[PDB]
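Peer 1: Structure in C-alpha cells, see below.
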Amino acid sequence: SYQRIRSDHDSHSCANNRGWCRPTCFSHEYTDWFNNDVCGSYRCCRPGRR
C-alpha cells in the first residue's frame with residue numbers, strides 16, 4: 001500500500017496524487033504501468049491531467 005488502503009485492498013493513490021489504483025481506468029485517465037507495480041493487483045489509473 002503506497003498510501004494506505006481505502007476503496008479496496010489494492011485501491012490507493014500512487015505517483016503522488018497523479019495516480020489511483022483501479023481495476024479499470026476511466027476515459028479521463030490512463031494506465032500507469034510504473035505505479036501499476038505499486039498498486040499490486042490493480043493498475044494506476046492516472047488522471048489524464050495529473
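For the sequence shown, position 12 matches number 12 in the authors' numbering, and the numbering has no gaps at all.
For every residue, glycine included, the Cβ atom is placed at its ideal position computed from N, Cα and C.
(1) For my contact list, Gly19 and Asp32 are in at a C-beta cut-off of 8 Å; report their separation, rounded to the angstrom.
(2) With the cut-off set at 7 Å, would you say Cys39 and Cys25 are in Cβ contact?
(3) Pick out whichever of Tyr2, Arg50 and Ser7 has its Cα sitting closest to the Cα of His28.
(4) What residue does the beta strand (DSSP E) around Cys21 start on, and which one ends it?
(5) Would you decide whether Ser41 is buried or exposed? Buried here means 16 or more other CB atoms lie within 10 Å of its CB.
Peer 2: Checking against the coordinates, here is how it stands:
(1) As a first step, residue 19 is located in the sequence shown; it is residue number 19 there, counting from the start. As a first step, residue 32 is located in the sequence shown; it is residue number 32 there, counting from the start. Confirmed, about 5 Å.
(2) Locating residue 39 in the sequence shown gives position 39, where the first residue counts as 1. Locating residue 25 in the sequence shown gives position 25, where the first residue counts as 1. In this structure, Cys25 does not lie closer than 7 Å to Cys39 by Cβ.
(3) Translated into positions along the sequence shown, residue 28 becomes position 28. Considering only alpha carbons, the answer is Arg50.
(4) Counting from one through the sequence shown, the residue named residue 21 turns up at place 21. From DSSP, the beta strand (DSSP E) with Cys21 extends over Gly19 to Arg22.
(5) As a first step, residue 41 must be located in the sequence shown, where it is residue number 41. The residue is exposed, with fewer than 16 neighbouring Cβ atoms inside 10 Å.
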